[PDB]
Structure formats: C-alpha cells, structure tokens
file structure_1.cif (mmCIF, C-alpha atoms and all ligand atoms)
data_upload
loop_
_atom_site.label_atom_id
_atom_site.label_comp_id
_atom_site.auth_asym_id
_atom_site.auth_seq_id
_atom_site.Cartn_x
_atom_site.Cartn_y
_atom_site.Cartn_z
CA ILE D 1 24.17 0.90 1.55
CA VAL D 2 27.42 0.28 3.48
CA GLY D 3 27.63 -2.20 6.38
CA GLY D 4 24.27 -3.66 5.49
CA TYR D 5 22.85 -6.99 4.42
CA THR D 6 21.09 -8.55 1.43
CA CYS D 7 17.39 -7.85 2.19
CA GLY D 8 15.87 -10.79 0.37
CA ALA D 9 13.98 -10.84 -2.93
CA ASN D 10 11.05 -8.42 -2.70
CA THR D 11 11.05 -8.23 1.14
CA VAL D 12 10.87 -4.42 0.83
CA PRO D 13 8.04 -4.18 -1.76
CA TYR D 14 7.76 -0.39 -1.55
CA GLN D 15 11.38 0.02 -2.72
CA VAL D 16 11.49 1.37 -6.25
CA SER D 17 14.48 1.94 -8.50
CA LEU D 18 14.55 4.98 -10.74
CA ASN D 19 16.17 4.08 -14.08
CA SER D 20 17.55 6.46 -16.77
CA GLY D 21 19.14 3.72 -18.87
CA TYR D 22 20.69 2.56 -15.60
CA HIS D 23 19.80 2.57 -11.92
CA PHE D 24 20.50 5.99 -10.42
CA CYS D 25 18.29 6.61 -7.34
CA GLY D 26 15.62 4.83 -5.39
CA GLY D 27 12.20 5.82 -4.31
CA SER D 28 9.26 4.72 -2.21
CA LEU D 29 5.79 3.85 -3.62
CA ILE D 30 3.13 5.67 -1.57
CA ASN D 31 0.24 4.63 -3.77
CA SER D 32 -0.31 2.81 -7.03
CA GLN D 33 0.51 5.81 -9.16
CA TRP D 34 2.76 7.94 -6.94
CA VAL D 35 6.39 7.43 -5.97
CA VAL D 36 8.20 9.52 -3.37
CA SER D 37 11.90 10.26 -3.92
CA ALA D 38 14.60 12.92 -3.56
CA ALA D 39 14.41 16.21 -5.49
CA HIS D 40 18.14 16.00 -6.19
CA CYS D 41 17.26 12.82 -8.11
CA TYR D 42 15.19 14.71 -10.66
CA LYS D 43 15.83 13.75 -14.24
CA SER D 44 13.51 14.07 -17.21
CA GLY D 45 12.19 10.82 -18.74
CA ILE D 46 12.56 8.48 -15.81
CA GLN D 47 11.52 4.86 -15.88
CA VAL D 48 10.38 3.58 -12.50
CA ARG D 49 11.13 -0.04 -11.65
CA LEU D 50 8.90 -1.90 -9.18
CA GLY D 51 9.30 -5.43 -7.82
CA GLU D 52 13.04 -5.21 -8.46
CA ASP D 53 15.54 -7.39 -6.57
CA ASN D 54 18.46 -8.08 -8.90
CA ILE D 55 18.48 -4.85 -10.89
CA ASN D 56 20.73 -6.43 -13.52
CA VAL D 57 18.76 -9.66 -14.19
CA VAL D 58 15.08 -10.00 -15.22
CA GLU D 59 13.68 -12.17 -12.48
CA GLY D 60 9.93 -12.09 -13.17
CA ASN D 61 8.25 -9.71 -10.75
CA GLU D 62 9.43 -6.44 -12.28
CA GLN D 63 7.18 -3.64 -13.44
CA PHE D 64 8.73 -1.01 -15.68
CA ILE D 65 6.57 2.09 -15.86
CA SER D 66 7.45 5.57 -17.26
CA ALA D 67 7.33 8.66 -15.02
CA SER D 68 4.43 10.80 -16.21
CA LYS D 69 5.67 13.73 -14.25
CA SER D 70 8.31 14.50 -11.65
CA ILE D 71 7.33 17.17 -9.12
CA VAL D 72 10.22 18.57 -7.16
CA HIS D 73 9.13 20.46 -4.00
CA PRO D 74 8.93 24.26 -4.84
CA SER D 75 11.41 25.29 -2.14
CA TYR D 76 13.96 22.62 -3.06
CA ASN D 77 17.30 24.45 -3.01
CA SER D 78 19.83 22.45 -5.00
CA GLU D 79 22.68 24.24 -3.30
CA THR D 80 21.62 24.05 0.34
CA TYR D 81 19.78 20.75 -0.06
CA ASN D 82 16.80 22.01 1.94
CA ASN D 83 13.45 20.41 0.86
CA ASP D 84 15.09 17.46 -0.82
CA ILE D 85 11.88 15.71 -1.78
CA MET D 86 10.05 15.02 -5.02
CA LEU D 87 6.97 13.12 -6.19
CA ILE D 88 7.01 11.10 -9.36
CA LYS D 89 3.66 10.31 -11.05
CA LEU D 90 3.55 7.19 -13.21
CA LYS D 91 2.01 7.22 -16.70
CA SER D 92 -0.01 4.14 -15.70
CA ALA D 93 -0.69 2.74 -12.25
CA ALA D 94 1.44 -0.08 -10.96
CA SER D 95 -0.43 -3.31 -10.30
CA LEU D 96 -0.16 -3.90 -6.51
CA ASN D 97 0.62 -7.36 -5.06
CA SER D 98 2.73 -9.00 -2.31
CA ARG D 99 6.02 -7.95 -4.00
CA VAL D 100 4.80 -4.45 -4.98
CA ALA D 101 3.12 -2.53 -2.23
CA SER D 102 2.83 1.00 -0.98
CA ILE D 103 4.24 2.45 2.23
CA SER D 104 2.24 4.68 4.69
CA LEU D 105 3.16 8.33 5.20
CA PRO D 106 3.72 9.23 8.80
CA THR D 107 1.06 10.70 11.03
CA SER D 108 3.71 12.26 13.27
CA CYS D 109 7.47 12.71 13.24
CA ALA D 110 9.56 9.81 14.52
CA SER D 111 11.42 10.20 17.83
CA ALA D 112 15.22 9.99 18.41
CA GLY D 113 16.36 6.40 18.95
CA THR D 114 13.74 4.86 16.64
CA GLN D 115 15.23 1.94 14.70
CA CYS D 116 14.47 2.25 11.03
CA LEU D 117 14.96 0.29 7.77
CA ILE D 118 17.06 1.91 5.10
CA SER D 119 17.50 0.24 1.70
CA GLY D 120 18.90 0.70 -1.81
CA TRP D 121 21.29 -0.43 -4.53
CA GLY D 122 23.92 2.20 -3.80
CA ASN D 123 27.58 1.87 -2.93
CA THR D 124 28.27 -0.94 -0.49
CA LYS D 125 31.94 -0.40 -0.02
CA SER D 126 33.83 0.57 3.06
CA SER D 127 36.53 2.51 1.26
CA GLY D 128 36.59 2.38 -2.50
CA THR D 129 33.50 1.29 -4.41
CA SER D 130 31.10 -1.47 -5.50
CA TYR D 131 27.40 -1.49 -6.58
CA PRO D 132 25.42 -4.63 -5.75
CA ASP D 133 23.07 -6.55 -8.01
CA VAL D 134 20.49 -7.26 -5.30
CA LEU D 135 18.77 -4.92 -2.81
CA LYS D 136 20.66 -4.03 0.39
CA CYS D 137 19.20 -3.22 3.82
CA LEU D 138 20.30 -1.37 6.95
CA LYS D 139 18.74 -1.02 10.38
CA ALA D 140 19.87 2.24 11.94
CA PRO D 141 18.62 4.58 14.69
CA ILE D 142 17.47 8.14 14.26
CA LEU D 143 20.04 10.21 16.12
CA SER D 144 19.20 13.32 18.14
CA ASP D 145 19.13 16.79 16.63
CA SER D 146 21.95 17.93 18.93
CA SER D 147 23.96 14.85 17.93
CA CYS D 148 23.45 15.62 14.21
CA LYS D 149 24.21 19.33 14.49
CA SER D 150 27.66 18.74 15.96
CA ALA D 151 28.38 16.02 13.40
CA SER D 152 28.64 18.35 10.35
CA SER D 153 29.88 21.67 8.94
CA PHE D 154 27.31 21.76 6.08
CA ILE D 155 24.23 23.66 7.25
CA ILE D 156 21.61 21.29 8.66
CA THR D 157 18.01 22.51 8.36
CA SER D 158 14.85 21.47 10.18
CA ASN D 159 13.83 19.54 7.10
CA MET D 160 16.61 16.99 7.66
CA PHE D 161 17.36 14.33 10.26
CA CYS D 162 20.34 12.10 10.73
CA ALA D 163 20.40 8.43 11.38
CA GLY D 164 23.03 5.77 11.49
CA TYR D 165 26.02 5.23 13.69
CA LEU D 166 28.56 7.73 14.97
CA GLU D 167 31.41 5.26 14.73
CA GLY D 168 30.99 5.02 10.93
CA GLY D 169 30.88 1.58 9.21
CA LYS D 170 27.16 1.53 8.59
CA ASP D 171 25.46 4.05 6.34
CA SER D 172 23.45 4.85 3.25
CA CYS D 173 25.57 5.89 0.28
CA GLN D 174 25.67 7.15 -3.30
CA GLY D 175 22.93 5.48 -5.42
CA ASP D 176 20.73 4.98 -2.35
CA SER D 177 19.33 8.49 -2.66
CA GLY D 178 15.66 9.05 -2.93
CA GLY D 179 15.24 5.72 -1.23
CA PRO D 180 13.25 5.00 1.97
CA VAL D 181 13.83 5.23 5.69
CA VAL D 182 10.93 3.41 7.23
CA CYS D 183 10.23 3.45 10.95
CA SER D 184 7.39 1.49 12.56
CA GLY D 185 5.95 0.76 9.14
CA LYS D 186 5.92 4.53 8.29
CA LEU D 187 8.00 6.28 5.60
CA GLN D 188 9.95 8.74 7.72
CA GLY D 189 12.94 9.54 5.54
CA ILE D 190 14.32 9.92 2.08
CA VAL D 191 18.04 9.16 1.52
CA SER D 192 19.37 12.64 0.82
CA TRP D 193 23.04 13.12 1.66
CA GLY D 194 26.14 12.48 3.85
CA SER D 195 29.76 13.53 4.09
CA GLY D 196 31.22 10.59 2.22
CA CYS D 197 29.62 7.33 3.41
CA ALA D 198 29.94 5.31 6.67
CA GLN D 199 32.66 7.64 7.95
CA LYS D 200 33.27 8.23 11.64
CA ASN D 201 31.26 11.11 13.08
CA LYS D 202 29.60 11.61 9.70
CA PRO D 203 26.13 10.00 9.87
CA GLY D 204 23.57 9.92 7.01
CA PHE D 205 21.07 12.77 6.56
CA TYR D 206 17.52 12.35 5.48
CA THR D 207 14.58 14.48 4.31
CA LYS D 208 12.14 14.57 7.20
CA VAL D 209 9.04 13.27 5.36
CA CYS D 210 6.78 14.12 8.33
CA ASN D 211 7.04 17.90 7.53
CA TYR D 212 5.69 17.22 4.00
CA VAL D 213 2.60 14.97 4.41
CA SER D 214 0.18 17.85 3.55
CA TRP D 215 2.20 18.94 0.52
CA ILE D 216 2.32 15.30 -0.64
CA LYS D 217 -1.42 14.82 -0.33
CA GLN D 218 -2.33 18.15 -1.92
CA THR D 219 0.13 17.51 -4.73
CA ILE D 220 -1.23 14.00 -5.36
CA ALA D 221 -4.80 15.34 -5.38
CA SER D 222 -4.16 18.36 -7.66
CA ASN D 223 -2.41 16.19 -10.31
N1 LIG I 301 26.44 9.01 3.61
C1 LIG I 301 25.22 9.02 3.05
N2 LIG I 301 24.16 8.57 3.72
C2 LIG I 301 25.07 9.44 1.74
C3 LIG I 301 23.85 9.37 1.06
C4 LIG I 301 23.73 9.79 -0.26
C5 LIG I 301 24.86 10.27 -0.93
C6 LIG I 301 26.06 10.34 -0.24
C7 LIG I 301 27.21 10.77 -0.85
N3 LIG I 301 28.09 9.94 -1.36
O1 LIG I 301 29.12 10.70 -1.91
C8 LIG I 301 28.80 12.04 -1.69
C9 LIG I 301 27.64 12.09 -1.04
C10 LIG I 301 26.95 13.41 -0.59
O2 LIG I 301 25.76 13.44 -0.24
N4 LIG I 301 27.72 14.50 -0.56
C11 LIG I 301 27.12 15.65 -0.18
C12 LIG I 301 27.51 16.24 1.03
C13 LIG I 301 26.92 17.42 1.45
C14 LIG I 301 25.93 18.05 0.67
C15 LIG I 301 25.35 19.23 1.19
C16 LIG I 301 24.63 19.06 2.37
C17 LIG I 301 24.03 20.14 3.01
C18 LIG I 301 24.15 21.42 2.48
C19 LIG I 301 24.87 21.62 1.31
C20 LIG I 301 25.47 20.53 0.66
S1 LIG I 301 26.36 20.96 -0.79
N5 LIG I 301 25.38 20.96 -2.12
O3 LIG I 301 26.82 22.36 -0.58
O4 LIG I 301 27.55 20.06 -0.96
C21 LIG I 301 25.53 17.44 -0.54
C22 LIG I 301 26.12 16.25 -0.95
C23 LIG I 301 26.17 9.92 1.08
CA CA I 302 15.40 -7.63 -12.04
#

call {"tool": "encode", "arguments": {"input": "structure_1.cif", "output": "structure tokens", "more": "lines below"}}
Ligand SMILES: N=C(N)c1cccc(-c2nocc2C(=O)Nc2ccc(-c3ccccc3S(N)(=O)=O)cc2)c1
Ligand SMILES: [Ca+2]
result
Amino acid sequence: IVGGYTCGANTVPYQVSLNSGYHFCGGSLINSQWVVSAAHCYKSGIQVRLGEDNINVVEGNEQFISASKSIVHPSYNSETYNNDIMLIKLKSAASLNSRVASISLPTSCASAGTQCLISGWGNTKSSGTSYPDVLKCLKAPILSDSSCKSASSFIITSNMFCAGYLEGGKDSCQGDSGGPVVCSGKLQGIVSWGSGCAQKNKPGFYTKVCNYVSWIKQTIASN
C-alpha cells in the first residue's frame, strides 16, 4: 500500500496474511474456515495468518493455521488475469474474536464513487521499495468503468474494477495482492494488479467479488 497510513493493531480483523515461509499475499476471512484471496496468489502449502499486525514480531493475537485446500476459480486465466479469485480452506477453523472476524460478501455490486478500505503489507514506496512491519490502509474511490478503460493498455474484463486516484500517489502495490477492498462493510474487491504502483493515470485493478458470490457459496458448501 502506497500513500496510505498505519491502520492500527487489529483494526481490520478480516485481513489475513498468506505465509509461505514469508508474507507473500493477503486475503480476507469470509467465515471461520474460509479465506478469500487472489488466484494469482496460489501456492501449495500455505500457512494463513490471522490477527496479524506486525508480521515480523509475535504480538499475541496471531493464529497460524495451514491451508487445507486452495481453490482457484476454474476460469482463472493466469495470462489475461480474468477471474483472479481463489478460496483457501483452513485445516482447522480459526477462533473468531474482536481481532479476528469475518467480512460480509456483497449483495450487489458497488457503485462508482464508493469510498472503500484497501489494506495490506505490500510495497509502501513511492519510487523504489520498502515493505512495512505493520498493516497499512488506504481509502480510495471506485472509479468509473469508462475511466478505467482509458487508463490502461492491458485488456480489462468485466470481472475487474479500478479504484484509487488518477493522479497517482495512492495505490495498492506488490504484496497487497489477494487482500481486501471493503466498501460499506462489504468485501467488494480483491487486490489483483496495476501497472506499477501509484503511478499517474495507472489506478489499481481489483477482482469484482460481486460477480462471484454464488460460486463462493457453492464452493464453500461443496467442500
Ligand atoms: N498498482 C497496484 N494496485 C498493484 C497491485 C498488485 C500488484 C501490482 C504490481 N506491482 O508490480 C507489478 C504489478 C502488476 O500487477 N503488474 C501487472 C500488470 C498487468 C498485468 C496484467 C493485467 C491484465 C491483463 C494481463 C496482464 S499480464 N499477465 O499480461 O501482464 C499483470 C500484472 C500493482
Ligand atoms: Ca505478529
């Protein structure tokens, strides 16, 4: 997260870090045994870390649980980025409290101009690089489809939406992926991609969770 702020210890209790020996992607907890993330974040043998703040220091409210299974969406196309969503099942349920809590799926898609909360432990730097210890946060507006389409030369599909600021400066970044975009207390987005980070006329792009609510529920129920 570039141009953002330190969220505060456990203020975003649905934020989850996916760890493969090190932090590498975030997710969102949708219920006590299911985490939503990005399909491009798939890795075998993931450990999912709940109640994290400082990912480098053991602070007392962490829960480390192993991914039972990681279910990439069937039409995820690693090359085009379309359907960049995945569900991770945990081997055991997380124990839910004030610092570990699930986020609601949307009932309808969020409208352009909605202010949302984006968070993660990804790059915070303007130009050059730096990864924070504690969780970063960003409030950013969903931009319009016609604004997003003109903003890129990669092919945008109807399973993506863009959010952030056209002037650059404020954006999700590398290591944020798979993390949440929450709008009006609903999980509307998954950090998916962007052309660099916080660059002018290059806003962040997000999996449009609202198109996948049925697939999520059916998947959770079948497994
Ligand atoms: N700016 C962001 N919000 C953001 C978020 C996560 C990662 C990165 C990022 N930080 O550094 C690079 C990044 C990146 O995503 N590069 C990138 C650009 C385009 C695509 C892509 C998009 C649509 C279609 C096809 C492609 S692809 N696979 O052909 O390149 C994939 C990755 C930036
Ligand atoms: Ca910690």

call {"tool": "closest_residue", "arguments": {"input": "structure_1.cif", "among": "D:97, D:78, D:199, D:56", "to": "residue 121 of chain D", "atoms": "only C-alpha atoms"}}
result
D:56

call {"tool": "residues_around", "arguments": {"input": "structure_1.cif", "residues": "residue 102 of chain D", "least_positions_apart": "4", "cutoff": "8 Å", "atoms": "all atoms listed in the file", "output": "number ranges by chain"}}
result
D: 13-14, 28-32, 96

call {"tool": "write_last_selection", "arguments": {"input": "structure_1.cif", "atoms": "C-alpha atoms", "output": "PDB file, keeping the file's coordinate frame"}}
result
ATOM      1  CA  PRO D  13       8.040  -4.180  -1.760  1.00  0.00           C
ATOM      2  CA  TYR D  14       7.760  -0.390  -1.550  1.00  0.00           C
ATOM      3  CA  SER D  28       9.260   4.720  -2.210  1.00  0.00           C
ATOM      4  CA  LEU D  29       5.790   3.850  -3.620  1.00  0.00           C
ATOM      5  CA  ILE D  30       3.130   5.670  -1.570  1.00  0.00           C
ATOM      6  CA  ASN D  31       0.240   4.630  -3.770  1.00  0.00           C
ATOM      7  CA  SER D  32      -0.310   2.810  -7.030  1.00  0.00           C
ATOM      8  CA  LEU D  96      -0.160  -3.900  -6.510  1.00  0.00           C
TER       9      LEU D  96
END

call {"tool": "closest_residue", "arguments": {"input": "structure_1.cif", "among": "D:101, D:213, D:67, D:187", "to": "residue 50 of chain D", "atoms": "all atoms listed in the file"}}
result
D:101

call {"tool": "closest_atom_pairs", "arguments": {"input": "structure_1.cif", "of": "chain D", "to": "ligand CA 302 (chain I)", "cutoff": "12 Å", "atoms": "all atoms listed in the file", "output": "CSV"}}
result
residue,atom,partner,partner_atom,distance
D:9,CA,I:CA302,CA,9.8
D:10,CA,I:CA302,CA,10.3
D:16,CA,I:CA302,CA,11.4
D:17,CA,I:CA302,CA,10.2
D:19,CA,I:CA302,CA,11.9
D:23,CA,I:CA302,CA,11.1
D:49,CA,I:CA302,CA,8.7
D:50,CA,I:CA302,CA,9.1
D:51,CA,I:CA302,CA,7.7
D:52,CA,I:CA302,CA,4.9
D:53,CA,I:CA302,CA,5.5
D:54,CA,I:CA302,CA,4.4
D:55,CA,I:CA302,CA,4.3
D:56,CA,I:CA302,CA,5.7
D:57,CA,I:CA302,CA,4.5
D:58,CA,I:CA302,CA,4.0
D:59,CA,I:CA302,CA,4.9
D:60,CA,I:CA302,CA,7.1
D:61,CA,I:CA302,CA,7.6
D:62,CA,I:CA302,CA,6.1
D:63,CA,I:CA302,CA,9.2
D:64,CA,I:CA302,CA,10.1
D:121,CA,I:CA302,CA,12.0
D:133,CA,I:CA302,CA,8.7
D:134,CA,I:CA302,CA,8.5
D:135,CA,I:CA302,CA,10.2

call {"tool": "closest_atom_pairs", "arguments": {"input": "structure_1.cif", "of": "chain D", "to": "ligand LIG 301 (chain I)", "cutoff": "8 Å", "atoms": "all atoms listed in the file", "output": "tab-separated table"}}
result
residue	atom	partner	partner_atom	distance
D:1	CA	I:LIG301	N2	8.0
D:78	CA	I:LIG301	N5	6.4
D:79	CA	I:LIG301	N5	4.4
D:80	CA	I:LIG301	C19	4.2
D:81	CA	I:LIG301	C18	5.1
D:82	CA	I:LIG301	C18	7.4
D:154	CA	I:LIG301	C17	4.8
D:155	CA	I:LIG301	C18	5.3
D:156	CA	I:LIG301	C17	6.3
D:171	CA	I:LIG301	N2	5.4
D:172	CA	I:LIG301	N2	3.8
D:173	CA	I:LIG301	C2	3.9
D:174	CA	I:LIG301	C5	4.0
D:175	CA	I:LIG301	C4	6.8
D:176	CA	I:LIG301	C4	6.0
D:177	CA	I:LIG301	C4	5.2
D:191	CA	I:LIG301	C3	5.8
D:192	CA	I:LIG301	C4	5.3
D:193	CA	I:LIG301	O2	3.3
D:194	CA	I:LIG301	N1	3.5
D:195	CA	I:LIG301	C12	4.7
D:196	CA	I:LIG301	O1	4.6
D:197	CA	I:LIG301	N1	3.6
D:198	CA	I:LIG301	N1	5.9
D:199	CA	I:LIG301	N1	7.7
D:202	CA	I:LIG301	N1	7.3
D:203	CA	I:LIG301	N1	6.3
D:204	CA	I:LIG301	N2	3.6
D:205	CA	I:LIG301	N2	5.9
D:206	CA	I:LIG301	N2	7.8

call {"tool": "closest_atom_pairs", "arguments": {"input": "structure_1.cif", "of": "segment 153-208 of chain D", "to": "segment 104-116 of chain D", "cutoff": "9 Å", "atoms": "only C-alpha atoms", "output": "Markdown table"}}
result
| residue | atom | partner | partner_atom | distance |
| --- | --- | --- | --- | --- |
| D:163 | CA | D:116 | CA | 8.6 |
| D:181 | CA | D:116 | CA | 6.1 |
| D:182 | CA | D:116 | CA | 5.3 |
| D:183 | CA | D:116 | CA | 4.4 |
| D:184 | CA | D:116 | CA | 7.3 |
| D:185 | CA | D:104 | CA | 7.0 |
| D:186 | CA | D:104 | CA | 5.2 |
| D:187 | CA | D:105 | CA | 5.3 |
| D:188 | CA | D:106 | CA | 6.3 |
| D:208 | CA | D:109 | CA | 7.9 |

call {"tool": "closest_residue", "arguments": {"input": "structure_1.cif", "among": "D:20, D:12, D:159, D:77", "to": "residue 145 of chain D", "atoms": "all atoms listed in the file"}}
result
D:159

call {"tool": "axis_aligned_box", "arguments": {"input": "structure_1.cif", "around": "segment 121-135 of chain D", "padding_each_side": "8 Å", "output": "AutoDock Vina command-line options"}}
result
--center_x 27.7 --center_y -2.4 --center_z -2.5 --size_x 33.8 --size_y 25.8 --size_z 27.1

call {"tool": "closest_residue", "arguments": {"input": "structure_1.cif", "among": "D:33, D:44, D:158, D:6", "to": "residue 221 of chain D", "atoms": "only C-alpha atoms"}}
result
D:33

call {"tool": "closest_residue", "arguments": {"input": "structure_1.cif", "among": "D:85, D:165, D:147, D:222", "to": "residue 209 of chain D", "atoms": "only C-alpha atoms"}}
result
D:85

call {"tool": "atom_distance", "arguments": {"input": "structure_1.cif", "atom1": "atom CA of residue 42 of chain D", "atom2": "atom CA of residue 148 of chain D"}}
result
26.2 Å

call {"tool": "closest_residue", "arguments": {"input": "structure_1.cif", "among": "D:169, D:136, D:75, D:219", "to": "residue 89 of chain D", "atoms": "all atoms listed in the file"}}
result
D:219

call {"tool": "residues_around", "arguments": {"input": "structure_1.cif", "residues": "residue 41 of chain D", "least_positions_apart": "2", "cutoff": "7 Å", "atoms": "only C-alpha atoms", "output": "CSV table (one decimal) with C-alpha atoms, in the frame of the given file"}}
result
chain,number,residue,atom,x,y,z
D,25,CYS,CA,18.3,6.6,-7.3
D,38,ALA,CA,14.6,12.9,-3.6
D,39,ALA,CA,14.4,16.2,-5.5
D,43,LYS,CA,15.8,13.8,-14.2
D,178,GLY,CA,15.7,9.0,-2.9

call {"tool": "atom_distance", "arguments": {"input": "structure_1.cif", "atom1": "atom CA of residue 218 of chain D", "atom2": "atom CA of residue 86 of chain D"}}
result
13.1 Å

call {"tool": "atom_distance", "arguments": {"input": "structure_1.cif", "atom1": "atom CA of residue 212 of chain D", "atom2": "atom CA of residue 149 of chain D"}}
result
21.4 Å

call {"tool": "decode", "arguments": {"input": "structure_1.cif", "residues": "segment 8-29 of chain D", "atoms": "N, CA, C and O atoms", "output": "CSV table (one decimal), in the first residue's frame"}}
result
chain,number,residue,atom,x,y,z
D,8,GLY,N,-3.5,0.6,12.5
D,8,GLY,CA,-3.8,0.3,13.9
D,8,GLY,C,-4.0,-1.2,14.1
D,8,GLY,O,-4.7,-1.9,13.4
D,9,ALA,N,-3.3,-1.7,15.2
D,9,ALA,CA,-3.3,-3.1,15.5
D,9,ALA,C,-4.7,-3.7,15.6
D,9,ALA,O,-5.5,-3.3,16.4
D,10,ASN,N,-4.9,-4.6,14.6
D,10,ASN,CA,-6.1,-5.4,14.5
D,10,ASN,C,-7.4,-4.6,14.2
D,10,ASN,O,-8.5,-5.1,14.5
D,11,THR,N,-7.3,-3.5,13.6
D,11,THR,CA,-8.5,-2.6,13.3
D,11,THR,C,-9.2,-3.2,12.1
D,11,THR,O,-10.4,-2.8,11.9
D,12,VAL,N,-8.5,-4.0,11.3
D,12,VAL,CA,-9.0,-4.6,10.1
D,12,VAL,C,-8.9,-6.2,10.4
D,12,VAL,O,-8.0,-6.8,9.9
D,13,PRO,N,-9.9,-6.7,11.2
D,13,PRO,CA,-9.7,-8.1,11.7
D,13,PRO,C,-10.0,-9.1,10.7
D,13,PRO,O,-9.9,-10.3,11.0
D,14,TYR,N,-10.4,-8.8,9.5
D,14,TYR,CA,-10.7,-9.7,8.4
D,14,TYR,C,-9.5,-9.9,7.6
D,14,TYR,O,-9.4,-10.9,6.9
D,15,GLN,N,-8.5,-9.0,7.7
D,15,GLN,CA,-7.2,-9.0,7.0
D,15,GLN,C,-6.5,-10.3,7.4
D,15,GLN,O,-6.3,-10.5,8.6
D,16,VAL,N,-6.0,-11.0,6.4
D,16,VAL,CA,-5.3,-12.2,6.7
D,16,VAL,C,-3.9,-12.2,5.9
D,16,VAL,O,-3.9,-11.6,4.8
D,17,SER,N,-2.9,-12.7,6.4
D,17,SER,CA,-1.7,-12.7,5.6
D,17,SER,C,-1.4,-14.2,5.2
D,17,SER,O,-1.6,-15.1,6.0
D,18,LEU,N,-1.1,-14.4,3.9
D,18,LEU,CA,-0.8,-15.7,3.5
D,18,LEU,C,0.8,-15.9,3.5
D,18,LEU,O,1.5,-15.1,2.9
D,19,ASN,N,1.3,-16.9,4.3
D,19,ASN,CA,2.7,-17.1,4.5
D,19,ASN,C,3.2,-18.4,4.0
D,19,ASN,O,2.8,-19.4,4.4
D,20,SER,N,4.2,-18.3,3.1
D,20,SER,CA,5.0,-19.5,2.6
D,20,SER,C,6.4,-19.5,3.1
D,20,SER,O,7.3,-19.8,2.3
D,21,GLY,N,6.6,-19.2,4.4
D,21,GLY,CA,7.9,-19.0,4.9
D,21,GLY,C,8.2,-17.6,5.1
D,21,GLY,O,9.0,-17.2,5.9
D,22,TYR,N,7.4,-16.8,4.4
D,22,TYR,CA,7.4,-15.3,4.5
D,22,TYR,C,6.0,-14.8,4.0
D,22,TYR,O,5.3,-15.5,3.1
D,23,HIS,N,5.6,-13.7,4.4
D,23,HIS,CA,4.4,-13.0,3.8
D,23,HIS,C,4.6,-12.9,2.3
D,23,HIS,O,5.6,-12.5,1.8
D,24,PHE,N,3.5,-13.2,1.6
D,24,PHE,CA,3.5,-13.0,0.2
D,24,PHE,C,2.3,-12.5,-0.5
D,24,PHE,O,2.3,-12.2,-1.7
D,25,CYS,N,1.2,-12.4,0.2
D,25,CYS,CA,-0.2,-12.1,-0.3
D,25,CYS,C,-1.1,-11.9,0.9
D,25,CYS,O,-0.7,-12.4,2.0
D,26,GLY,N,-2.2,-11.3,0.7
D,26,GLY,CA,-3.1,-11.1,1.8
D,26,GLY,C,-4.4,-11.9,1.4
D,26,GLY,O,-4.5,-12.3,0.2
D,27,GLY,N,-5.3,-12.0,2.3
D,27,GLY,CA,-6.6,-12.4,2.0
D,27,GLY,C,-7.6,-11.8,2.9
D,27,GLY,O,-7.3,-10.9,3.7
D,28,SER,N,-8.9,-12.2,2.7
D,28,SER,CA,-10.0,-11.8,3.5
D,28,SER,C,-10.7,-13.0,4.1
D,28,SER,O,-11.1,-13.8,3.3
D,29,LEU,N,-10.9,-13.0,5.4
D,29,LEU,CA,-11.7,-14.1,6.0
D,29,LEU,C,-13.2,-14.0,5.8
D,29,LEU,O,-13.8,-12.9,6.2
